[PDB]
Structures are given as structure tokens and as C-alpha cells.
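Asks: I'm passing along structure-v4.txt; it holds compact mmCIF, C-alpha atoms (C1' of nucleotides).
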```txt
# COMPACT_ATOMS: atom_id res chain seq x y z
CA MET N 275 16.49 85.92 26.45
CA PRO N 276 20.02 84.38 26.66
CA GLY N 277 19.68 83.09 23.03
CA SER N 278 20.11 86.80 21.99
CA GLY N 279 23.63 87.53 23.43
CA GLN N 280 25.33 84.05 23.39
CA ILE N 281 24.92 81.69 20.34
CA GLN N 282 22.88 78.41 20.73
CA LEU N 283 22.44 75.16 18.66
CA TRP N 284 18.68 75.42 17.77
CA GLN N 285 19.17 79.24 17.24
CA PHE N 286 22.32 78.40 15.10
CA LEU N 287 21.09 75.16 13.35
CA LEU N 288 18.22 77.29 11.85
CA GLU N 289 20.70 79.77 10.21
CA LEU N 290 21.22 76.86 7.75
CA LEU N 291 17.60 75.60 7.19
CA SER N 292 16.21 79.12 6.38
CA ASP N 293 19.31 79.99 4.22
CA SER N 294 18.87 78.32 0.74
CA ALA N 295 22.69 78.26 0.11
CA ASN N 296 23.43 75.70 2.96
CA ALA N 297 21.07 72.94 1.59
CA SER N 298 24.49 71.36 0.65
CA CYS N 299 24.37 70.03 4.29
CA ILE N 300 20.60 69.99 5.37
CA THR N 301 16.90 70.68 4.37
CA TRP N 302 13.31 71.15 5.77
CA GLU N 303 11.64 67.68 5.31
CA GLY N 304 7.89 68.30 4.71
CA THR N 305 5.04 70.65 5.83
CA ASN N 306 5.21 69.54 9.54
CA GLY N 307 8.41 70.11 11.62
CA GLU N 308 11.21 67.77 10.38
CA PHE N 309 14.86 68.16 9.12
CA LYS N 310 17.25 65.94 7.06
CA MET N 311 21.08 65.60 7.63
CA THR N 312 23.34 65.75 4.48
CA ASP N 313 27.00 65.42 5.69
CA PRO N 314 26.80 64.12 9.31
CA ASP N 315 30.47 65.25 9.93
CA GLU N 316 30.54 68.59 7.93
CA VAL N 317 27.55 69.76 10.09
CA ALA N 318 29.44 69.13 13.41
CA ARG N 319 32.56 70.70 11.73
CA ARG N 320 30.95 74.21 11.34
CA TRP N 321 29.48 73.97 14.91
CA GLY N 322 33.19 73.57 15.82
CA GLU N 323 34.00 76.55 13.48
CA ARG N 324 31.57 78.73 15.58
CA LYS N 325 32.24 77.20 19.08
CA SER N 326 36.07 77.44 18.43
CA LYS N 327 36.08 73.67 19.29
CA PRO N 328 38.12 71.89 16.55
CA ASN N 329 37.84 68.40 18.22
CA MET N 330 34.00 68.58 17.56
CA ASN N 331 32.32 65.54 15.84
CA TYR N 332 28.67 64.31 15.35
CA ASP N 333 28.76 62.08 18.54
CA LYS N 334 29.49 65.32 20.55
CA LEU N 335 26.99 67.82 18.95
CA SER N 336 24.36 64.97 18.82
CA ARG N 337 24.39 64.30 22.63
CA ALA N 338 23.70 68.05 23.25
CA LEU N 339 20.60 67.70 20.94
CA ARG N 340 19.37 64.55 22.80
CA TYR N 341 19.25 66.64 26.06
CA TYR N 342 16.50 68.74 24.31
CA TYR N 343 13.98 65.80 24.57
CA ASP N 344 13.48 66.02 28.39
CA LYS N 345 13.17 69.88 28.09
CA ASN N 346 10.61 69.77 25.16
CA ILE N 347 12.53 71.89 22.52
CA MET N 348 12.63 69.22 19.72
CA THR N 349 12.10 65.39 19.29
CA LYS N 350 13.25 62.34 17.17
CA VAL N 351 11.66 60.89 13.97
CA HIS N 352 12.19 57.21 15.01
CA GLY N 353 14.67 55.08 12.95
CA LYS N 354 15.13 57.82 10.26
CA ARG N 355 18.78 58.39 9.17
CA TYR N 356 19.74 61.51 11.27
CA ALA N 357 16.34 63.35 11.44
CA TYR N 358 14.60 65.12 14.41
CA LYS N 359 11.98 68.00 14.58
CA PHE N 360 11.33 71.28 16.56
CA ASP N 361 8.58 71.78 19.23
CA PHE N 362 7.45 75.46 18.87
CA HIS N 363 4.17 75.28 20.95
CA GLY N 364 6.78 74.80 23.78
CA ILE N 365 9.60 77.23 22.63
CA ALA N 366 7.06 80.07 23.43
CA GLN N 367 6.41 78.95 27.08
CA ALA N 368 10.27 78.59 27.11
CA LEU N 369 10.31 82.27 25.92
CA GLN N 370 6.91 83.28 27.50
CA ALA F 111 33.44 56.14 58.58
CA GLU F 112 33.58 59.57 60.41
CA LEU F 113 30.57 61.07 62.34
CA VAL F 114 29.32 64.57 63.46
CA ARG F 115 27.06 65.88 66.32
CA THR F 116 23.25 66.50 65.95
CA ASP F 117 20.36 68.50 67.59
CA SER F 118 19.24 65.16 69.17
CA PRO F 119 22.29 63.82 71.11
CA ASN F 120 20.79 60.26 70.82
CA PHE F 121 21.57 60.02 67.01
CA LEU F 122 24.50 60.94 64.64
CA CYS F 123 25.10 61.03 60.81
CA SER F 124 27.84 61.46 58.10
CA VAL F 125 30.12 64.53 57.49
CA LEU F 126 28.28 65.85 54.34
CA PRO F 127 30.80 68.22 52.69
CA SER F 128 30.73 72.10 52.70
CA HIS F 129 29.66 72.75 49.04
CA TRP F 130 28.71 70.28 46.21
CA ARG F 131 26.90 70.29 42.75
CA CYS F 132 23.12 69.76 42.11
CA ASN F 133 22.57 65.94 41.86
CA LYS F 134 25.94 64.11 42.25
CA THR F 135 26.87 60.62 43.50
CA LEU F 136 27.81 61.86 47.05
CA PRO F 137 31.60 61.58 47.77
CA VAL F 138 30.69 59.71 51.04
CA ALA F 139 27.28 57.87 51.16
CA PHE F 140 24.98 58.67 54.13
CA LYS F 141 25.20 56.65 57.42
CA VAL F 142 22.67 57.47 60.25
CA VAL F 143 23.47 55.95 63.70
CA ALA F 144 21.10 54.75 66.50
CA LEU F 145 22.74 54.92 70.00
CA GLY F 146 19.28 54.38 71.56
CA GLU F 147 18.25 50.74 70.78
CA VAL F 148 16.06 50.86 67.58
CA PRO F 149 14.16 47.88 66.02
CA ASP F 150 16.47 47.05 63.03
CA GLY F 151 13.84 47.41 60.23
CA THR F 152 12.48 50.95 61.07
CA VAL F 153 12.44 53.50 58.14
CA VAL F 154 14.35 56.87 57.96
CA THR F 155 13.54 59.75 55.48
CA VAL F 156 15.23 63.23 55.15
CA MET F 157 13.73 66.65 54.12
CA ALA F 158 16.03 69.57 53.03
CA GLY F 159 14.98 72.55 55.24
CA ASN F 160 15.82 76.20 54.27
CA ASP F 161 13.91 79.52 54.85
CA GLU F 162 13.87 79.56 50.95
CA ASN F 163 12.11 76.56 49.20
CA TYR F 164 11.54 74.71 52.55
CA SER F 165 11.14 71.31 50.71
CA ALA F 166 13.80 70.68 47.96
CA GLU F 167 13.77 67.65 45.55
CA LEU F 168 15.78 64.56 46.75
CA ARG F 169 16.34 60.96 45.44
CA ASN F 170 16.85 57.65 47.39
CA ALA F 171 15.65 59.86 50.32
CA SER F 172 14.09 56.89 52.29
CA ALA F 173 16.31 54.19 53.97
CA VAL F 174 15.93 51.18 56.39
CA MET F 175 17.52 50.92 59.91
CA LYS F 176 19.72 47.74 60.17
CA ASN F 177 22.13 46.76 63.06
CA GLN F 178 21.33 50.18 64.72
CA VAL F 179 22.89 51.93 61.60
CA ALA F 180 20.57 53.19 58.77
CA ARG F 181 22.49 53.83 55.47
CA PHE F 182 21.24 55.43 52.18
CA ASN F 183 22.15 53.43 48.99
CA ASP F 184 22.93 56.84 47.39
CA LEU F 185 21.09 60.01 48.57
CA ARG F 186 21.25 62.89 45.99
CA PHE F 187 20.44 66.65 46.40
CA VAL F 188 18.54 68.20 43.39
CA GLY F 189 16.58 71.26 44.74
CA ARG F 190 19.12 74.15 45.11
CA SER F 191 19.49 76.14 48.41
CA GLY F 192 20.69 79.45 46.84
CA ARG F 193 23.86 81.65 47.01
CA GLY F 194 25.80 81.34 50.34
CA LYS F 195 22.72 79.41 51.66
CA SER F 196 22.84 75.78 52.98
CA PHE F 197 20.15 73.25 54.18
CA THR F 198 18.94 72.64 57.78
CA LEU F 199 17.90 69.10 56.62
CA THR F 200 15.35 67.29 58.89
CA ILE F 201 15.86 63.54 59.70
CA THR F 202 12.76 61.37 60.51
CA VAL F 203 12.78 57.88 62.20
CA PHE F 204 9.37 56.09 61.72
CA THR F 205 8.70 54.52 65.22
CA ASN F 206 6.32 54.87 68.27
CA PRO F 207 6.97 57.68 68.88
CA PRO F 208 8.90 58.91 65.78
CA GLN F 209 11.90 61.24 66.54
CA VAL F 210 13.83 63.94 64.53
CA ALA F 211 17.24 65.72 64.78
CA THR F 212 17.44 69.14 63.00
CA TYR F 213 20.90 69.71 61.36
CA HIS F 214 21.82 73.36 60.45
CA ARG F 215 24.35 74.34 57.67
CA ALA F 216 24.41 70.69 56.37
CA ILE F 217 25.54 71.37 52.72
CA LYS F 218 25.49 74.18 50.07
CA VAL F 219 23.62 73.01 46.87
CA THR F 220 24.67 75.05 43.76
CA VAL F 221 25.12 74.32 39.97
CA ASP F 222 28.96 73.96 40.04
CA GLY F 223 30.58 72.11 42.95
CA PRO F 224 33.60 74.26 43.97
CA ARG F 225 35.88 73.78 40.90
CA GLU F 226 39.30 75.51 41.33
CA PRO F 227 38.00 78.98 40.26
CA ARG F 228 38.59 80.66 36.83
CA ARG F 229 42.06 81.28 35.22
CA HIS F 230 41.51 84.60 33.28
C1' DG M 1 34.10 89.13 41.47
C1' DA M 2 33.17 84.54 43.40
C1' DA M 3 29.42 82.37 43.30
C1' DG M 4 25.08 80.81 40.82
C1' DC M 5 23.47 80.15 36.80
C1' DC M 6 23.69 78.52 32.22
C1' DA M 7 23.75 75.41 27.71
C1' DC M 8 27.40 72.32 25.59
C1' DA M 9 31.82 69.25 25.62
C1' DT M 10 33.41 65.39 26.41
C1' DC M 11 33.13 60.68 27.61
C1' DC M 12 32.70 55.98 27.98
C1' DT M 13 28.32 52.56 28.45
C1' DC M 14 24.89 49.62 26.77
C1' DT M 15 21.03 48.16 24.48
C1' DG M 16 17.78 48.61 21.04
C1' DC Q 1 25.58 51.27 14.60
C1' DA Q 2 22.78 54.60 16.01
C1' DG Q 3 20.61 56.51 19.58
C1' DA Q 4 19.16 57.59 24.71
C1' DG Q 5 21.64 58.59 28.70
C1' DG Q 6 24.38 59.09 33.48
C1' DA Q 7 28.44 61.63 34.97
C1' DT Q 8 31.53 65.39 35.05
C1' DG Q 9 34.45 69.05 33.61
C1' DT Q 10 34.00 73.86 30.63
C1' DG Q 11 33.25 78.24 29.04
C1' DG Q 12 30.37 82.27 28.68
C1' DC Q 13 27.24 84.95 31.01
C1' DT Q 14 23.76 87.39 35.01
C1' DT Q 15 23.81 88.31 40.30
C1' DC Q 16 24.78 89.49 43.90
```
Before we go any further, please render this structure as C-alpha cells.
Replies:
Amino acid sequence: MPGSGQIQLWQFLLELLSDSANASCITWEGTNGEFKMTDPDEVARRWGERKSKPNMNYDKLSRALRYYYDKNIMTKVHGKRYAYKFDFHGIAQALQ
Amino acid sequence: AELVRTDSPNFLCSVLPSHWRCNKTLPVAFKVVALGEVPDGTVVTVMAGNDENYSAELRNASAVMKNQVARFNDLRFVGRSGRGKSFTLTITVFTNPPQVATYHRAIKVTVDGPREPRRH
DNA sequence: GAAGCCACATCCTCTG
DNA sequence: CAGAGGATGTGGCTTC
């Protein structure tokens, strides 16, 4: 599905969780779906590096992620410093 | 504002543009005119008609007749028509008896409104 | 290939 | 100040 040919966020963001060598900027937080945010403005930077969008910041990338709520991809861990989580039991009806 | 003909010559409505994007603040809000004397207080709803998906999703779709001129705070078109395809939107006036004017080729509902096309 | 999609980019606003 | 959110252009990508 169109995640294959053209690069995504959630498809991209999890090139950095799974890879041990990028924990400089992120990490899995616990057994259940969660994720921490190391440098809030080095993260956005590399998403600029891929998207060819040098003006990129957190505010920009972040908004894109907050769309995901209404579509049931991922969701927010309330009041936690820059931490959301993935909905997989829905990613598979969204790739059914 | 500017008006256009109908399939009931007793009522008229706004010039809704050729082609627009899914769910925008309309460039000109929707006026619906009563030439025949209508009790100012009667309700008016619209239903987007098309051989494909004969009932599309709409918002602020119901409005109230006032001074023989029913206006829609801001109507918005969500449910898409398709490629090259427009809506024959139906227009209901809740009275005794209620009356409708069909309206063919009203507006084309796509993802992009017609942006000046690509520069590649 | 313009015409419909798509999934961010960018943006300026509130309100928790 | 972060975070949810409307509006609106943008660029890549299937479909006629």
C-alpha cells in the first residue's frame, strides 16, 4: 500500500525506534505501545533531511502527527513531555 | 448578490462555482429566494444528488426562511462527486405542501480545488 | 496528462 | 507552553 513506494512518518519514525544506534534521539517506553522524545528539534531536523524540507521544526512535524488521532493510527500519553503511542489493532484494518 | 435559474421557476439560489475542494468555507455563502410568498420561518434543507453516491455528506445543510430569502450560515460539501462529475443537488422547503427545485451540474467536489496546475 | 487522490507543510489561533 | 485543531497551499503518486 502507498507506504511502500513513498516514505511516511509512522513508517519512517520506526526506522529509529527499531534501530539501536538512534536511541540518541528516541526510545521505546515500556511493554505497551509508547515512545519518548530525546532532542525535540534534532528529530524534526532529520524528517527535514528526508523530506528535503530544511525549514522543518517540531511545531510542523507535530501537527502532522496530531492528524493521526481522528484516523486511529496512534494516540497521546496525556501531559507527558513529548510522548504518544501506536494503534496496531487499527493499522491492520488500515492495511486490511 | 447574483442569482441563477432553477427547475422550479418560482425559486432561485446562488451561483455556486464550477469546481471547488472537499469541505471549504464557500467563496459566496448560499442564498435561496422565495418569489412565491412563503411564511418567513419555514425550513430549507439540501441533498447532493449524483448517479454515484446519491446522498453525499454536508454540514450546516438546514436553514430558515426569513424575509422571503433563506440563507445558509455556511454550507460545506464533504462527500465527493467523482472525476468530471458534479451534483444535481435537491432543495427542500418544509411547508404544506413542501416543494423542490432540482439543480443539475451545481458544483464539482474533488480533493484539490482548481489550483493553477503543475509547473514541471 | 489533468484531474482525483493522497499524506504533510505551513500557519496563525486559542485554550487547557 | 504544549497540545488539539481549522484552513489552505504542496508535492508525490494512481486513474482515468
Asks: Neighbours of residue 322 (chain N) within 12 Å (only C-alpha atoms (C1' of nucleotides); same-chain residues fewer than 5 positions away dropped), as number ranges by chain?
Replies: N: 283, 286, 315-317, 327-332, 334-335; M: 8-9
Asks: Select all residues near (5.8, 67.9, 15.7) (cut-off 8 Å, inclusive, file coordinates), counting only C-alpha atoms (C1' of nucleotides), and output them as a VMD selection string.
Replies: chain N and resid 306 to 308 349 359 to 361
Asks: Write out as an MDAnalysis selection string each polymer residue whose atoms come within 12 Å of residue 364 (chain N), counting all atoms listed in the file; drop sequence neighbours fewer than 6 positions from it.
Replies: chainID N and resid 342:349 370
Asks: Take the residues just selected and output them with C-alpha atoms as a CSV table (one decimal), in the coordinates of the input.
Replies:
```
chain,number,residue,atom,x,y,z
N,342,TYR,CA,16.5,68.7,24.3
N,343,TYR,CA,14.0,65.8,24.6
N,344,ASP,CA,13.5,66.0,28.4
N,345,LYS,CA,13.2,69.9,28.1
N,346,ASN,CA,10.6,69.8,25.2
N,347,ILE,CA,12.5,71.9,22.5
N,348,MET,CA,12.6,69.2,19.7
N,349,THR,CA,12.1,65.4,19.3
N,370,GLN,CA,6.9,83.3,27.5
```
Asks: Separation of CA of residue 304 (chain N) and CA of residue 368 (chain N), in Å?
Replies: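 Interatomic distance, CA of residue 304 (chain N) to CA of residue 368 (chain N): 24.8 Å.
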Asks: Write out as a list in words the residues lying within 10 Å of residue 8 (chain Q), counting all atoms listed in the file and excluding same-chain residues fewer than 6 positions away.
Replies: residues 134 of chain F; 10 and 11 of chain M
Asks: Chain N residues within 12 Å of chain Q, counting only C-alpha atoms (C1' of nucleotides): which ones, as a PyMOL selection string?
Replies: chain N and resi 275-282+325-327+332-333+336-344+349-358
Asks: To one decimal in Å, tell me the separation between CA of residue 291 (chain N) and CA of residue 311 (chain N).
Replies: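 A separation of 10.6 Å between them.
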Asks: Take every atom of region 4-7 of chain M listed in the file, fit an axis-aligned box around them, add 4 Å per side, and give the centre and edge lengths in Å to one decimal as AutoDock Vina command-line options.
Replies:
```
--center_x 24.3 --center_y 78.1 --center_z 34.3 --size_x 9.6 --size_y 13.4 --size_z 21.1
```
Asks: So how many Å separate CA of residue 313 (chain N) and CA of residue 290 (chain N), to one decimal?
Replies: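 These atoms are spaced 13.0 Å apart.
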Asks: Using only C-alpha atoms (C1' of nucleotides), I'd like a table of the residues in chain F that come within 9 Å of chain Q; for each, show the closest atom pair and its distance in Å rounded to one decimal, ordered by chain and ascending number, as JSON lines.
Replies:
```
{"residue": "F:134", "atom": "CA", "partner": "Q:7", "partner_atom": "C1'", "distance": 8.1}
{"residue": "F:135", "atom": "CA", "partner": "Q:7", "partner_atom": "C1'", "distance": 8.7}
{"residue": "F:193", "atom": "CA", "partner": "Q:16", "partner_atom": "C1'", "distance": 8.5}
{"residue": "F:225", "atom": "CA", "partner": "Q:9", "partner_atom": "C1'", "distance": 8.8}
```
Asks: Contacts from chain F to chain M, 9 Å maximum, all atoms listed in the file: show me the residue list as a list in words.
Replies: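 Selected residues: residues 192, 193, 194, 220, 221, 222 and 227 of chain F.
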Asks: If we count only C-alpha atoms (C1' of nucleotides) and set the cut-off at 9 Å, which residues sit around residue 133 (chain F), ignoring sequence neighbours fewer than 2 positions away in its own chain? Please answer as a list in words.
Replies: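 The neighbour list is residues 130, 131, 135, 136, 168, 169, 186, 187, 188, 189, 219 and 221 of chain F.
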Asks: Which protein, DNA or RNA residues are at most 8 Å from (27.7, 63.7, 54.1) in the file's coordinates when you count all atoms listed in the file, listed as a list in words?
Replies: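 Output of the proximity query reads residues 123, 124, 125, 126, 127, 136, 137, 138, 139 and 140 of chain F.
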